[PDB]
Amino acid sequence: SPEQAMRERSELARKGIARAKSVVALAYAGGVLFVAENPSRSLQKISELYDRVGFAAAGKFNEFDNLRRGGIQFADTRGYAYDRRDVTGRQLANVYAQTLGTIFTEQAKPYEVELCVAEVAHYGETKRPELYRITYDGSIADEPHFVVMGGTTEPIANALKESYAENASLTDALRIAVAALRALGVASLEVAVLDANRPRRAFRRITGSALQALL
Amino acid sequence: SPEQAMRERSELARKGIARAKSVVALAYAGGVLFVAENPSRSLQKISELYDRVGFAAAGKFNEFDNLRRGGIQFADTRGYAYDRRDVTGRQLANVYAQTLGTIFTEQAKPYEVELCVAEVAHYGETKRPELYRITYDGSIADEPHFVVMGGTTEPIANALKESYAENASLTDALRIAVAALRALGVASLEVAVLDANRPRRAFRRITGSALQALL
Amino acid sequence: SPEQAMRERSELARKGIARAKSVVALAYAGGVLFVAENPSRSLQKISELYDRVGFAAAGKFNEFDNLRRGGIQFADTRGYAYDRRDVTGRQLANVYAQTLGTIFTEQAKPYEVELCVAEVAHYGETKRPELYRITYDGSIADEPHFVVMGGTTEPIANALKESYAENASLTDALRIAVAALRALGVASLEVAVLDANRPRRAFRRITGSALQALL
Amino acid sequence: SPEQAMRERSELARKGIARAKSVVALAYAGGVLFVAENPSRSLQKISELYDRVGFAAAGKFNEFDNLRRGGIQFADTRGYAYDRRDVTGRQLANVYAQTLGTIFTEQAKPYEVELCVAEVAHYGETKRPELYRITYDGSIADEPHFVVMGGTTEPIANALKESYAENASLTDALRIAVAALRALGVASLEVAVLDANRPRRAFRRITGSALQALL
Amino acid sequence: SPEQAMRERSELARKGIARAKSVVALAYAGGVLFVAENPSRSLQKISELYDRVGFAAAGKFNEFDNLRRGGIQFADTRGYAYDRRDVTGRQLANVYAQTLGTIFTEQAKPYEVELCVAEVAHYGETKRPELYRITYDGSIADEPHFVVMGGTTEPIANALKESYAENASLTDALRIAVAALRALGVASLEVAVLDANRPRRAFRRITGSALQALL
Amino acid sequence: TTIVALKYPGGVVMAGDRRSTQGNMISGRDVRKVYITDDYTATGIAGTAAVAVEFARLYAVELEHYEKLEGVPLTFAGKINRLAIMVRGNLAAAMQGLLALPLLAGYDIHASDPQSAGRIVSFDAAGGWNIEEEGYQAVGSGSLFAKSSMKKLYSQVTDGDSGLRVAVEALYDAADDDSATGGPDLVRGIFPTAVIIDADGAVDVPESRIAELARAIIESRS
Amino acid sequence: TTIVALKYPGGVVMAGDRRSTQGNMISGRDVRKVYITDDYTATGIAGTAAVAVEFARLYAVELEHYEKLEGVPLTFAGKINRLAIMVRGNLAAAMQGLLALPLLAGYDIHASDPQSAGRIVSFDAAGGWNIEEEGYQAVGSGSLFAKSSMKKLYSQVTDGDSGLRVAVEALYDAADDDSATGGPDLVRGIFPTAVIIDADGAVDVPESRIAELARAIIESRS
Amino acid sequence: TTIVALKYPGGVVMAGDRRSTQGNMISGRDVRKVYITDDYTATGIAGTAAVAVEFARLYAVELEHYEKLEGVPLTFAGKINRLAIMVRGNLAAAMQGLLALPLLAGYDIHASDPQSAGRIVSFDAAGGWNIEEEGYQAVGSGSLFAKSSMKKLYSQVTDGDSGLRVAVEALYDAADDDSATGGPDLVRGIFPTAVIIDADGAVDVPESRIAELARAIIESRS
Amino acid sequence: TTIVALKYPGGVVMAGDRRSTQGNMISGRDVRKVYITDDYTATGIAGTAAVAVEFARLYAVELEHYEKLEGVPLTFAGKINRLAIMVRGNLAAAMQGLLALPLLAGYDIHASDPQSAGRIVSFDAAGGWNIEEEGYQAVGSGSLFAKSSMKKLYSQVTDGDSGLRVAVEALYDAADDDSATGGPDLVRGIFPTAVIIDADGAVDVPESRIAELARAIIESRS
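Chemist: If you had to explain the overall build of chain A to someone new, which residues and values would you point to?
Modeler: In terms of regular secondary structure, chain A is built from six helices and ten strands. Relative to the 2.2 N^0.38 estimate, which gives 17 Å for 215 residues, the radius of gyration of chain A is 17 Å and therefore close to what a compact globule would have. If one aligns the C-alpha atoms of chain A with their principal axes, the spans along those axes are about 55 × 45 × 30 Å. Buried residues in chain A amount to 54% of all 215 residues. Computing the positive centroid from 28 side-chain charges and the negative centroid from 26, chain A places the two 5 Å apart.

Here it is, written out as structure tokens:
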């Protein structure tokens, strides 16, 4: 009975992802901001895929680490085959969707992960940043404002929906991010941004005394 | 018991396709018109296969995306092996039918998709446009007037049957398409046509202010 | 329990073939005549295998289409290896029987098809035309007068047995064929003949105004 | 439980072979005579393996046809590797026994066939002809007088045992063969002999007016 | 039911690891100290991976022996590909996590082992030593003070938590290690250290009269 | 060997010689070198005698196989592409001593003007093809003489008889200037073979017409 | 063979000759060597005639395949990279006697200044590419003469007519100094082919303009 | 070695010599070179002695295998195709020093006129086959002399005796003009071997008739 | 081609020429041969022009890939090892005519003394590397003259301006003694390209400074 097996796999994945912490990603005037609850300095949940593409995930570390490595390897080959400016986040999202669907269909145990892909405009141009969400079974959706994955999303989703404001600054949006996640100091917090004013590479981490000053 | 397994797979596929939105395709004086309900600008349900062949589908995105890519790859090789004018939509429909039948028979989970292939006459010639429909198990049928797939087809089928008119213009047929789907502005709507007056390539998208003016 | 599995597969195949329409093939003075109920101009149930061999089938299109393609490929290679006059319909019938038996034994789902192979004498010679019937499990039989496959065969078989006449003309035999199938105009009818007076190729289709004049 | 599966396979094979017609083979002064009940001129149950070896079988046509083709291919290679006079029927019987045993043990469905191999002395020599019988599971036995396979063997076996006579002529032995099978004219009868007076090839078919004159 | 199978495998692994003895690892002023209960001189539970990386495990010997050999082979290749100073314990911990996750997911029986990876700063530098813990299912965590695996951890964990002191000397920390494990002379004890004052290789064993003098 | 082809209003004609030679010794006298591939095309291959018969049979089998598989015949461009691929795939064999130089003539039924629906296609060693626009082409070891004769004689072609006569005259000149090409045989009665393609299809020319034309030419040249 | 390309304010133009030669014998008279690859690029390949037609068709198929697959066209750098890879992959065939020397001209619609959006790219045997900054380039067996003519005639180019005239004059000089390059044919009426790319797209130049320019040049040179 | 074959009304005859030579030293004196392949065909292979015996045995095995498998014998064209493929597959071995030149003679029972049902087929090195229409053919190292003798002696053939006599005379002439071909041996009593195929089948000719014919020819030549 | 590199207190500088030559004909005039691989390294490759651009791009991609994968940049020794492996893997291509001779300059941020953190690494044909201790190195076809000039001019280097001036003078001497190396172009306005690496990172030198230095040197030499 394929229906029963699909049901069991779906409940297994949902129960697996329900355990992990929460990570949010929202768009502000300068780009995209990632905020996550991470007690560890060594193991990281937010990373960089390419010049203008960011990565974020929740769940089991050894799974989305492999997914991130595969995405990086896919991204690097394409920019050598054609060009650096021919790489977009939609292709990476599609690749992730296909991989997750195949894993869910064929593997013995499904991956208990939830991914998100963010992109920003090139230097000197204007464009609305794009956010994608990929679900453990291969489902892909596009979000205009924010993505929340991990733990109990609904209260955080309501808080973010109520208190969201477009074209905000870094301190402002960071404060709603922290407040919504609270509904947390320098430690047990991971913060990264996709800066659209940089010439080539848009990814940088905010840690140390700068995070204390900003928050 | 093979009968029971076939029954379970058939109900699974039917329940999967019953969830998705509806997309219609009808023939008018200038060619074939595609109308679909799509809230997303990024993810598209209607595409182009070759110079005179169009593509349309409903269901899960990551499946008919793979099917479309396979069809495009099949189409391009044939036109290099023999010629560009030796490629017809019947061959693509047959290939899709074989692929869907094999997937339904052998794969662990059947594809919850419904495809449609449309073709138009070459430039300077006359011919009735052809419409084909491929069903998740490999069944193939030919329709003279219109194809409706996705959601609850019967009310839309009745409305289209009652209000259909041959040799209509673009605004006219588009208006019955929109009215039948309603039984929807510029957003949450995807519109594409197969123009038979073009020299080489017959596919073009109607978006922006032109869609507002037409509708 | 192999007996139970064989029973289930046999009932599945029988129920699958019981759904399809009926197609008949009878021998007259000029050769062999094929009559089938086909609403579609595009999808065809009767085809040509070689210079003097014809093909006919009932059931699911995507299966006997593959069988016909395999038979054509087998026929073409032999005539290059040895000669064009060393190809006979008995070899094709044997190949089809082996293929159907292997598919029934090993595949997950048996083919719901019923095939028939017809041959005529070469130009300038005399010989009784041969008719073969291949059944979904690999059974092969030889019929001297006519073969009826698809739907409810028994009433049609009785009518053909009662009203059969040897050395009839084209209009005559066509009229009993149509009457027995009725127990149907130019549309929803497929008619083809194996003409034994032609120099090289004996297959030709009767469509359009000629079918209207003949019937 | 291997015992239960072996039981089911054995009953399946026995029920399969119980359906088919009967074929007998007996030794007379001139060699070995084959008599079979065959309504078809096209499909044959008795064939030739080598210069002095004959073939006969009962059951499903598409299975012993493959077995006969394999035996012919095996026989031809050996006579090229060593010599034409180094080929004996015992080797072919052993090969058939191994093949049938492997098929019964490993295949999904056992073969419902019963084989018999006959050999005669070379030209200018004297020797008693040999008869072998191979059973669907791989069992091999040697018979001095006659072999009966297919249908209900026991009444035919009793009649042949009661009315057998050594060093009989062709008409005589043919008459007991026909009478025992009856317990049948030119049609629905297949007759072949292994003539030991021929220089090189001992197999010839008796059909047409000669069969009428002999019987 | 994948949930039930995961439950059975998890209980099997937990019961397997609950049998073995206990081994502790704590950080002191000079580096990292390993203390284990080992009656055998021949079979060892603590080993060296690279110049600044140590290894420790509990459970079945033939499993973590293979894991240690694989880790050593992985470490040696990287230092030839790039350099000796490009090898860190985090990479080894990630490799172990992936291997254990794959074994737990796909193998017939999961490994009943618990690993720990320790690293120290290079010569002439300052840095806090790092401790990692890898769990039979692939889970990885980072510990700042100490790791206890094997047997009943909770009383030992409480004793170590209560009596821990930073920047202790070798005799001091060794005495709390022995006391916590007791809650044991030269025999039935394995002791090793990662000395950060050595030029190149930081691993050395303390055995014989030196262990008696120290303790 | 020499094969010629030319266009006339409403069709196209092809012709070839009958001589086979192994060095300087004559080994063949009635070799046929022009084949009807399908209803509206004809092919003529020059070079090694063994390779040409294999080549034409393979080409015809391929075309019939595609026709039977897809239910519709190929377009002219598809046939040209298939022939070009077949020629390109034989470069190593040509290097090792198996060379084939084909010539293609056909009638396009899907054209606009029916009076200019004839086509002549020539191929090179590498595998490149060209559609002739001057109206005539020749291949073989005596193709230069035949082409030079047709260049002067092409002004007299108005129909199917004039084209056949001009082709026979060109073959006669090619045989006159080259010893590897065989001329008409009056003692034995062997004459070249010709094929005419028009709106009705490709037909073979009876030997009587060719014999009459050859006799007329021979008596004219005396 | 000779193909020239030059830049004018607001676009770029390409042109080529029509002669094919097998050694010292003329075998082609109306060969086309300039192709429109996509809406804003054109390509011209010199060398073996058979390889160029295959090369351009493969390149166009690749570009259209990428466009259909990803839904967005490639950037100019991606096209250059694909062409460079295609050229690099043919070194062994060039060694064994199949050499192709391509020339690329295009219009960049994603540039800043629209009056300097034209590009000319040249390729070497190994597979290296360079973007011309002098404003003109030529390939073929008579490229040196054409380049030397353009070096002196480039000062007169201000628009699409002057560039076409200069290209025709350079082709005339190249045909004058090299026998493998064919000049204008007044008896038959065969003239070079040209393509103009601007902000609207790539268009073919009608034969009447080229004939008028060639007649003007010929009467000037008399 | 030399093998001859000719046609007479109602059948066909083949014959060959018996000498084997390693350079200039005689190593064989009673070698048989003509074989009966099936009921209505005969084959004769010239060249390396070792390859011919293998060749004929393989050919006979193939024909019998097809007959047994399909239950019907092959047509004549199928046999020719199989032999041509077998010859074509040995080109590398012929290059390295294993050459076989076969000759085929047969009687077609599926023809219209029974008095002209005999066939003679010759093969070339590449693998091409031709059906003789002059009525005779010869292979080997002395085939030219035998062919020239048959060209003059063919007018006397009316039946099976005249054809045998002419074949023996041609073999005698070939042995007279070539040292690699052995003539009749009167001291030892060794004579050529012959096979006659007619509507009844292929039969071997007894040695007495050949001896009588050879004695008659020898006394005539004295 | 010629690329030079030298060390000054607090950094390192690299420079190269702009000429490309096919035999004795000049085919390039503004070729760039010095690339910024990462924030603290620069690379210059001499030899075949096509191979160098591919080489540098592959090297940069490899370094960025490792950085992204492991989250920490490689050490200097790791970069040297990767470059040495890349050079060693091209021996067959160098034998068949694709030779690349790289030069590496960088600044080590993990050293003890910041005033001597600059490094220069040279490579041999086999794949061996050496760290220069004399303070300067040069590669190309005119490297001997540049090295001999630097040997005499190195005593005047105290900062980033003196090193740049000495490098420009060495390039001038190399162009003076070798015809494959291009000197400053006063008519067109083309000057060598330079890169300076210090504690802040690798930066490109504006053309104005190089032009001023070249003019000063030229007026000094007059």
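Chemist: Hey, could you go over the overall build of chain F for me, with residue numbers and the actual values?
Modeler: Within chain F, the regular secondary structure consists of six helices and twelve strands. Its C-alpha radius of gyration of 17 Å places chain F within 12% of the 17 Å reference for a compact globule of 222 residues. Overall, the C-alpha framework of chain F stretches about 55 × 45 × 25 Å when taken along its three principal axes. Contacts spanning at least 24 positions in sequence make up 61% of the contacts within chain F whose residues lie at least 6 apart. Put simply, chain F shows about 10,300 Å² of open surface, and 52% of that area lies on carbon and sulfur atoms. Charged side chains of chain F number 20 positive and 29 negative; the gap between the two group centres comes to 4 Å.

Chemist: Lay out the interface of chain I and chain A in plain terms, naming residues and giving numbers.
Modeler: Taken together, the contacts link nine residues of chain I with 14 residues of chain A. Between chain I and chain A, the buried area comes to about 1,100 Å², and carbon and sulfur atoms account for 42% of it. A per-residue breakdown of the area chain I buries against chain A is headed by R57(I), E64(I) and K68(I), which together make up 54% of the total. There are four salt bridges connecting chain I and chain A. Counting across the chain I and chain A interface gives five residue pairs in polar contact. Tallied by class, residues from the side of chain I that touches chain A come to three nonpolar, one polar and five charged.

Chemist: Could you give an account of the pairing of strand β6 (residues 41-47) of chain H, naming the residues involved and the relevant values?
Modeler: Along any regular strand the residues' side chains alternate between the sheet's two faces. All names here are of chain H. Burial analysis of β6 places six of its seven residues in the buried class, which makes it a mostly covered element. Taken together, the four bridges between strand β5 (residues 34-38) and β6 define a ladder with antiparallel strand orientation. Residue pairing across strands places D38 opposite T41, the latter belonging to β6. Two successive antiparallel strands, β5 and β6, enclose a turn made up of two residues. As judged from the seven bridges shared by β6 and strand β7 (residues 100-107), these two strands associate in the antiparallel manner.

Chemist: Lay out the interface of chain E and chain A with the relevant residues and their values.
Modeler: Facing 13 residues of chain E, the contacting portion of chain A comprises 14 residues. Considering only the surface of chain E that becomes buried against chain A, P2(E), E3(E) and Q98(E) emerge as the three largest contributors, covering 38% of it. Counting across the chain E and chain A interface gives zero salt bridges. Run the count over chain E and chain A and you get one residue pair in polar contact. At the level of secondary structure, the elements contributing two or more residues to the side of chain E that touches chain A comprise α1 (2-19), α3 (89-106) and β7 (140-143) of chain E. At four residues, the largest contribution of residues to the side of chain E that touches chain A is made by α3(E). Considered class by class, the residues forming the side of chain E that touches chain A number four nonpolar, five polar and four charged.

Chemist: Tell me about the pattern of salt bridges, and name the residues and values.
Modeler: For the structure shown, the criterion picks out 109 salt bridges over all chains. For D65(C), the salt bridge goes to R68(C), with nearest N and O atoms at 3.9 Å. On the criterion of helical spacing, the pair formed by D65(C) and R68(C) is a turn pair, its members being three residues apart in helix α2 (residues 61-81). Ionic pairing is found between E169(F) and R221(F), a salt bridge with its closest N-O pair at 3.5 Å. With a gap of 52 residues between them, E169(F) in helix α5 (residues 160-177) and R221(F) in helix α6 (residues 207-221) connect regions that are remote in the sequence. On the basis of relative accessibility, which here comes to 17%, the residue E169(F) falls in the buried class. One connected set of salt bridges, linked through shared partners, spans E48(A), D51(A), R84(A), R200(A), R201(A) and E64(I).

Chemist: How would you summarise the UniProt feature "active site" in chain F if you had to cite specific residues and measurements?
Modeler: All names here are of chain F. As annotated by UniProt and renumbered to match this structure, "active site" occupies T1. Topologically, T1 is positioned in the segment before β1 (2-8). In contact with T1, not counting residues within four places along its chain, are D17, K33, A46, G47, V139, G140, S141, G142, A180 and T181.

Chemist: Explain unusual backbone geometry residue by residue, including any values.
Modeler: Residues and elements named next belong to chain C. A positive phi angle, near 55°, is found at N167, a position not held by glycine. If you trace the backbone, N167 turns up in the loop between α4 (153-163) and α5 (170-182). Positive phi, close to 60°, is recorded for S188, a residue that is not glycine. Here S188 is to be found in the loop between α5 and β9 (190-195). The partly exposed category is assigned to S188, whose relative accessible area is 29%.

Chemist: Account for the arrangement of the chains, naming residues and giving values.
Modeler: Taking C-alpha atoms only, the smallest gap left between chain B and chain D, which are not in contact, amounts to 16 Å. Chain I makes no contact with chain H, the minimum C-alpha separation between the two being 33 Å.

Chemist: Residue-level account of α5(F), with values.
Modeler: In an α-helix, one turn spans 3.6 residues; hence positions three or four apart end up facing the same way. All names here are of chain F. With 18 residues, α5 ought to run about 26 Å at 1.5 Å a step, and its terminal C-alpha atoms sit 26 Å apart, in line with that. Among the 18 residues in α5, 13 count as buried, and that is most of the element. In this structure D159 caps α5, since a side-chain oxygen of it lies 2.9 Å from the backbone nitrogen of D161.

Chemist: Quick one: what's the story with the nonpolar core, residue by residue and with numbers?
Modeler: Nonpolar side chains in soluble globular proteins generally cluster together in the buried interior. Ranked by internal contacts, the top residues of the largest apolar core, which has 125 residues, are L115(A), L115(B), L115(C), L115(D) and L115(E). Residues in contact with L115(A), not counting those within four places in the same chain, are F55(A), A56(A), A57(A), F64(A), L67(A), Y96(A), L100(A), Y132(A), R133(A), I134(A) and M149(A). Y8(G), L153(G), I196(G) and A211(G) belong to the second largest nonpolar core, which has 27 residues in total.

Chemist: Talk me through the packing of helix α5 (residues 160-177) of chain G against helix α6 (residues 207-221) of chain G; I want residue IDs and the actual numbers.
Modeler: All names here are of chain G. Where α5 contacts α6, the axes come no closer than 10 Å and their chain directions differ by 60°. Taken together, the axis directions place α5 and α6 in an arrangement best described as oblique. When the axes of α5 and α6 are compared, the crossing they make is right-handed. Contacts between α5 and α6 involve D161, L164, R165, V168, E169, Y172 and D173 from the first element and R209, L213, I217, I218 and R221 from the second. Among the residues making up the contact of α5 with α6, the classes are represented as six nonpolar, no polar and six charged.

Chemist: Which residues make up the sheet that holds strand β2 (residues 31-36) of chain A, and what are the values?
Modeler: All names here are of chain A. Spatially, five strands are ordered β8-β1-β2-β9-β10 in an open sheet, and the strand pairing comes out antiparallel. Strands at the two margins of the open sheet, each flanked by one partner only, are β8 (146-149) and β10 (203-205). The sheet shows a mean angle of 15° between the axes of neighbouring strands, direction not considered. Bridge count between strand β1 (residues 23-28) and β8: four bridges; the pairing is antiparallel. Residue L26 lies in a different strand from β8, and its bridge partner there is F146. The strands that helix α4 (residues 153-163) touches are β1 and β8; relative to β8, the one it contacts most, it runs at about 160°. Set on the sheet, helix α5 (residues 170-182) makes contact with β1, β2, β9 (190-195) and β10; between it and β2 the angle comes to about 30°.

Chemist: Give a description of the sheet that holds strand β3 (residues 46-48) of chain B that names residues and reports values.
Modeler: Residues and elements named next belong to chain B. Reading across from one edge, β3-β4-β5-β6-β7 is the order of the five strands in this open sheet, with antiparallel pairing throughout. Pairing within the sheet leaves two strands with one partner each, and these edge strands are β3 and β7 (140-143). In this sheet, adjacent strand axes meet at a mean angle of 20° when their direction is disregarded. Pairing between strand β5 (residues 113-119) and strand β6 (residues 130-134): five bridges, direction antiparallel. Pairing of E119 across the sheet is with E130, part of β6. Running at roughly 160° to strand β4 (residues 53-59), helix α2 (residues 61-81) makes contact with β3, β4 and β5 of the sheet. In the packing of helix α3 (residues 89-106) onto the sheet, the strands contacted are β4, β5, β6 and β7, and the crossing angle to β6 comes to about 5°.

Conventions used here
Residues numbered from 1 in each chain as written, not as in the entry; some residues may be left out. Chains lettered and ligands numbered in written order. Part of a larger assembly, values for the part shown. Heavy atoms only, no water. Helix = DSSP H or I, 4+ residues; strand = E, 2+ residues; numbered from the N terminus. Rg over C-alpha atoms; globule rule 2.2 N^0.38 Å. Buried < 20%, exposed > 50% of the residue type's maximum accessible area, 1.4 Å probe, protein only. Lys, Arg positive; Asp, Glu negative; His and termini not counted. Charge placed at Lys NZ, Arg CZ, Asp CG, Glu CD. Contact = heavy atoms within 4.5 Å. Areas by Shrake-Rupley, 256 points an atom, 1.4 Å probe, with all protein chains shown as cover. Buried area = accessible area lost by both parts, 1.4 Å probe. Salt bridge = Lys/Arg side-chain N within 4 Å of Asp/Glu carboxyl O. Polar contact = N/O pair within 3.5 Å; in protein donor to acceptor, adjacent residues only side chain to side chain. Nonpolar A, V, L, I, M, F, W, Y, C, P; charged D, E, K, R; others polar. Pairing = 2+ DSSP bridges. UniProt positions renumbered as here; feature names shortened; annotations may be inferred. Expected span 1.5 Å × (residues − 1). Core = buried A, V, L, I, M, F, W, Y, C linked by side-chain atoms within 4.5 Å. Axes fitted to C-alpha atoms, helices over the stretch in contact; angles between N-to-C directions. Parallel < 35°, antiparallel > 145°, perpendicular 65-115°, else oblique. Left-handed = near helix turned anticlockwise from the far one by under 90°.

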